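As C-alpha cells, the structure follows; a few thoughts come after it.
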Amino acid sequence: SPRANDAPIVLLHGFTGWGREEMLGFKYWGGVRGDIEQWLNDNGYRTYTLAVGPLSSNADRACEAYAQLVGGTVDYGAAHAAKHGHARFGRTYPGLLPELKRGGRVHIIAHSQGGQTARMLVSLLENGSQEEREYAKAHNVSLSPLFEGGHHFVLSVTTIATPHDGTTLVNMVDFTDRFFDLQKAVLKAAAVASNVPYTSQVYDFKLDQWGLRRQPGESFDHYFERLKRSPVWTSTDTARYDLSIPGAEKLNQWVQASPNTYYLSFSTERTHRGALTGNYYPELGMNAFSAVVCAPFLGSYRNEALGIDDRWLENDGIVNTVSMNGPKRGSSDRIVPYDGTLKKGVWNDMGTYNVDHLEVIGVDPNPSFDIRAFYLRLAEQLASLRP
Ligand SMILES: [Ca+2]
Ligand SMILES: [Zn+2]
C-alpha cells in the first residue's frame with residue numbers, strides 16, 4: 001500500500017477528553033503507553049491534537065474544532081445560541097492548519113464521542129446549516145463560513161470505539177439520576193472550579209459559553225441568582241444527550257456520510273458471555289472503574305421495545321460494541337467489512353479488537369495490545385488513501 005497523500009492527521013478526543021497542555025502532560029492519546037502524536041510525527045506523519053469541549057454537545061465541539069483548525073473566534077451559530085441560551089462566540093485560535101482554507105486536506109482520527117464530532121464537522125463543512133443560513137439572513141447577522149456548505153477539506157474520518165448509535169450507559173445514568181443527578185453535579189463542580197485559580201491548567205472544562213464563572217464586579221448574591229436562571233442545568237445541548245440512545249439517533253438522522261470522505265471504524269470489546277443468561281461480563285484486565293460501575297449494566301440491560309436486544313450486551317466497558325461499526329439507528333449510511341481496499345462514502349469496518357475503552361488509547365495498560373503498531377498501521381492506511 002504505497003503512500004498516495006501527505007495530508008496531515010488531527011487527533012480528536014471523546015467525552016471528558018483533555019488537551020496536551022492539561023493533566024500534567026499525561027496524554028489522552030497515549031496515556032501510560034506514551035505519546036501517540038509523537039509516534040506518528042516521528043514516523044513521517046504530520047500530526048496535531050485538537051482539544052474541544054470535554055462535556056459539550058457535538059455541535060459545540062464541531063464549531064470549536066473548526067476554529068482551532070482554520071483559525072478565528074469560535075462561532076456556535078446565532079440560531080443555535082439563541083435556541084439553547086448560551087453565548088454565540090467562544091475562544092479565539094490562531095489556527096493549526098490554515099492550509100485547509102487553501103486546498104489542503106486532513107485526516108481525523110477520533111476516539112469515542114470524538115467520532116460523532118468528526119462526522120458532524122464533515123457534515124457541516126459539506127452542507128453547512130440551513131437553519132443558521134436562514135436565521136442569519138432573516139435577522140441580518142453574520143454567518144460563520146462553517147454553515148455555508150461547500151467546504152471539502154476532510155479526506156478521512158476514523159472512529160475508535162465511537163457510540164454511533166449511542167451507549168446504554170446513559171440509560172444507567174437515567175436511573176441513577178432519581179437519587180443523584182450526575183449532569184447537575186458535574187456542572188456544579190465545574191462552576192466551583194471556574195472560580196478557583198490554576199485549576200484550568202490541570203483540567204479546563206471549556207464551558208465558557210454558559211458563563212459559570214463569577215464576573216469581575218459581581219456580588220455573590222447576583223452570581224447565585226444568575227446561576228439559578230441558567231438553562232445549562234437541564235439543557236439537552238450537552239454530550240450526555242448526544243451520547244444517549246435517543247440523542248445519537250437524532251444526530252444520525254441529519255449527520256450522514258459524505259461521498260467525498262473515507263470513513264473507517266474500529267470496534268472494541270473486553271467482555272465474555274455467560275452461557276446461561278447470554279449476559280456479558282467484564283474480562284479480567286478491563287480497567288477497574290468500567291469493570292465495577294459500567295460493564296455490569298452494559299452487559300445486561302435490554303429494552304426490546306427500543307430494539308436494545310442481546311446484540312447490545314457485548315461492550316468495551318463504556319460503549320456497546322454493536323454501536324461502534326457505524327451509525328445505524330436512524331441512519332442511511334452504508335457499512336462494509338474491510339476487504340483490503342478502502343472505499344469513499346461508506347463506513348469501512350476495520351474489525352473488532354479485544355481491548356477496552358481506555359486501553360485502546362493507552363490510558364489503561366494492556367501489554368498484549370501493541371498500541372504503537374495499531375496507530376502506525378492506521379496512519380499507513382490513511383496515507384494510502386487516494387484524494
Ligand atoms: Ca487493562
Ligand atoms: Zn451549544
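Within each chain, counting starts at residue 1; across the C-alpha cells, chains are named A, B, ... in the order shown, with ligands numbered 1 upward in that order.
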Next on the checklist: Please list as a PyMOL selection string every residue within 7 Å of residue 61 in chain A, counting only C-alpha atoms and excluding residues in the same chain fewer than 6 positions away.
Outcome noted: chain A and resi 52-53+117
Using only C-alpha atoms, find each residue of range 13-131 of chain A with at least one atom at most 10 Å away from an atom of range 241-245 of chain A; report its shortest atom-to-atom pair and that distance in Å (one decimal), sort the rows by chain and rising residue number, and return the result as CSV.
residue,atom,partner,partner_atom,distance
A:15,CA,A:243,CA,9.0
A:56,CA,A:242,CA,9.2
A:57,CA,A:242,CA,6.5
A:58,CA,A:242,CA,7.1
A:59,CA,A:242,CA,9.4
A:112,CA,A:243,CA,9.5
A:113,CA,A:243,CA,7.2
A:116,CA,A:242,CA,8.5
A:117,CA,A:242,CA,9.9
Next on the checklist: Could you list, as JSON, numbers by chain, all residues that come within 7 Å of ligand 2? Count only C-alpha atoms and all ligand atoms.
Outcome noted: {"A": [57, 59, 60, 76, 80, 81, 84, 86, 237]}
File dump, residues just selected, N, CA and C atoms, as an mmCIF file, in the first residue's frame:
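The file below, selection_2.cif, is the result:
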data_model
loop_
_atom_site.group_PDB
_atom_site.id
_atom_site.type_symbol
_atom_site.label_atom_id
_atom_site.label_comp_id
_atom_site.auth_asym_id
_atom_site.auth_seq_id
_atom_site.Cartn_x
_atom_site.Cartn_y
_atom_site.Cartn_z
ATOM 1 N N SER A 57 -21.888 19.416 23.680
ATOM 2 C CA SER A 57 -22.543 18.764 22.552
ATOM 3 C C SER A 57 -21.570 18.604 21.383
ATOM 4 N N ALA A 59 -22.284 19.481 18.418
ATOM 5 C CA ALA A 59 -22.424 20.720 17.656
ATOM 6 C C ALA A 59 -21.409 21.753 18.140
ATOM 7 N N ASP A 60 -21.364 21.966 19.451
ATOM 8 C CA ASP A 60 -20.437 22.942 20.026
ATOM 9 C C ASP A 60 -18.994 22.530 19.760
ATOM 10 N N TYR A 76 -20.637 29.494 17.533
ATOM 11 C CA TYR A 76 -21.572 28.384 17.698
ATOM 12 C C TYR A 76 -22.821 28.508 16.803
ATOM 13 N N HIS A 80 -28.423 28.569 16.899
ATOM 14 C CA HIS A 80 -28.127 27.582 17.926
ATOM 15 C C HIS A 80 -27.996 28.260 19.300
ATOM 16 N N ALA A 81 -27.250 29.358 19.347
ATOM 17 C CA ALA A 81 -27.006 30.083 20.588
ATOM 18 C C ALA A 81 -28.300 30.605 21.191
ATOM 19 N N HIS A 84 -30.466 27.597 22.550
ATOM 20 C CA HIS A 84 -30.045 26.929 23.766
ATOM 21 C C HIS A 84 -29.676 27.878 24.896
ATOM 22 N N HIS A 86 -26.986 30.049 25.246
ATOM 23 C CA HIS A 86 -25.600 30.304 25.633
ATOM 24 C C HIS A 86 -24.945 31.260 24.649
ATOM 25 N N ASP A 237 -28.307 20.454 25.183
ATOM 26 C CA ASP A 237 -27.130 20.840 24.399
ATOM 27 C C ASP A 237 -25.858 20.397 25.132
#
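With only C-alpha atoms and all ligand atoms as the atoms that count, the set of residues no farther than 7 Å from ligand 1 is residues 285, 286, 287, 359, 364, 365 and 366 of chain A.
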Let's have the selection written as an mmCIF file, in the first residue's frame, with N, CA and C atoms.
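Listing of result11.cif after writing:
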data_model
loop_
_atom_site.group_PDB
_atom_site.id
_atom_site.type_symbol
_atom_site.label_atom_id
_atom_site.label_comp_id
_atom_site.auth_asym_id
_atom_site.auth_seq_id
_atom_site.Cartn_x
_atom_site.Cartn_y
_atom_site.Cartn_z
ATOM 1 N N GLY A 285 -8.747 -7.605 33.589
ATOM 2 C CA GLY A 285 -7.889 -6.744 32.801
ATOM 3 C C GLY A 285 -8.600 -5.472 32.384
ATOM 4 N N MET A 286 -9.925 -5.526 32.248
ATOM 5 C CA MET A 286 -10.679 -4.303 31.985
ATOM 6 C C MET A 286 -10.384 -3.310 33.097
ATOM 7 N N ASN A 287 -10.236 -2.028 32.767
ATOM 8 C CA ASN A 287 -9.978 -1.027 33.807
ATOM 9 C C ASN A 287 -11.030 -1.106 34.908
ATOM 10 N N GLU A 359 -7.974 1.260 27.238
ATOM 11 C CA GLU A 359 -6.762 0.592 26.772
ATOM 12 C C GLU A 359 -6.437 0.976 25.330
ATOM 13 N N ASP A 364 -5.301 3.134 29.924
ATOM 14 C CA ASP A 364 -5.204 1.962 30.792
ATOM 15 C C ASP A 364 -4.173 1.013 30.179
ATOM 16 N N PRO A 365 -3.346 0.367 31.022
ATOM 17 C CA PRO A 365 -2.325 -0.507 30.439
ATOM 18 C C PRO A 365 -2.930 -1.788 29.851
ATOM 19 N N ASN A 366 -2.224 -2.388 28.900
ATOM 20 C CA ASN A 366 -2.562 -3.700 28.344
ATOM 21 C C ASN A 366 -1.388 -4.171 27.494
#
Checklist entry - Could you write out, as a VMD selection string, all the residues of range 162-349 of chain A that DSSP marks as alpha helix (DSSP H)? => result chain A and resid 169 to 176 182 to 194 199 to 202 220 to 228 239 to 243 245 to 254 288 to 289 295 to 298
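Shortest separation to residue 367 in chain A among A:329, A:88, A:101, A:33 occurs at residue A:33, atoms counted being only C-alpha atoms.
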Next on the checklist: Give me, as JSON, numbers by chain, all polymer residues having an atom no more than 12 Å from range 300-314 of chain A, counting only C-alpha atoms and skipping those fewer than 4 positions away in the same chain.
Outcome noted: {"A": [163, 165, 166, 167, 168, 169, 170, 171, 172, 175, 245, 246, 249, 267, 268, 269, 270, 271, 272, 273, 274, 277, 278, 279, 280, 281, 282, 283, 294, 295, 296, 318, 319, 320, 321, 322, 323, 324, 328, 329, 352, 354, 356]}
Item to check | Surrounding residues of range 103-111 of chain A excluding itself and chain neighbours under 3 positions, 8 Å, only C-alpha atoms, as a PyMOL selection string | outcome: chain A and resi 7-14+99-100+114-115+118+152-162+361+382
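Among the candidate residues A:79, A:373, A:138, A:185, the one lying nearest to residue 360 in chain A is A:373, with distances computed using only C-alpha atoms.
The spacing separating CA of residue 96 in chain A from CA of residue 327 in chain A amounts to 28.9 Å.
Among the candidates A:23, A:146, A:239, A:125, the residue lying nearest to residue 260 in chain A is A:125 (atoms considered: only C-alpha atoms).
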Checklist entry - Any idea what's packed within 7 Å of residue 333 in chain A, counting only C-alpha atoms, ignoring anything in its chain fewer than 2 positions away? Could you give it as a ChimeraX atom specification? => result /A:256-257,327,331,335,346
Who sits within 8 Å of range 374-381 of chain A, only C-alpha atoms, same chain under 4 positions skipped, as a tab-separated table (two decimals) with N, CA and C atoms, in the first residue's frame:
chain	number	residue	atom	x	y	z
A	1	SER	N	0.83	-1.20	0.00
A	1	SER	CA	0.00	0.00	0.00
A	1	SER	C	0.87	1.26	0.00
A	3	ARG	N	2.22	5.20	-0.37
A	3	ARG	CA	1.73	6.48	0.11
A	3	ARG	C	1.19	7.34	-1.02
A	36	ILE	N	1.13	9.29	21.42
A	36	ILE	CA	0.75	8.80	20.09
A	36	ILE	C	1.06	9.82	19.00
A	39	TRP	N	4.63	9.55	18.17
A	39	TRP	CA	4.93	8.33	17.40
A	39	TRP	C	4.66	8.56	15.93
A	40	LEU	N	3.52	9.19	15.65
A	40	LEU	CA	3.13	9.48	14.27
A	40	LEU	C	4.08	10.47	13.62
A	43	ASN	N	7.37	9.07	12.66
A	43	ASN	CA	7.34	8.16	11.53
A	43	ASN	C	6.88	8.82	10.24
A	45	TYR	N	4.40	11.17	9.71
A	45	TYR	CA	3.01	11.58	9.57
A	45	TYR	C	2.76	12.86	10.35
A	370	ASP	N	-0.48	-4.14	21.16
A	370	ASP	CA	0.62	-3.39	20.57
A	370	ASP	C	0.09	-2.06	20.05
A	385	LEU	N	-4.60	6.50	1.13
A	385	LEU	CA	-5.84	6.96	0.51
A	385	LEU	C	-5.58	7.87	-0.68
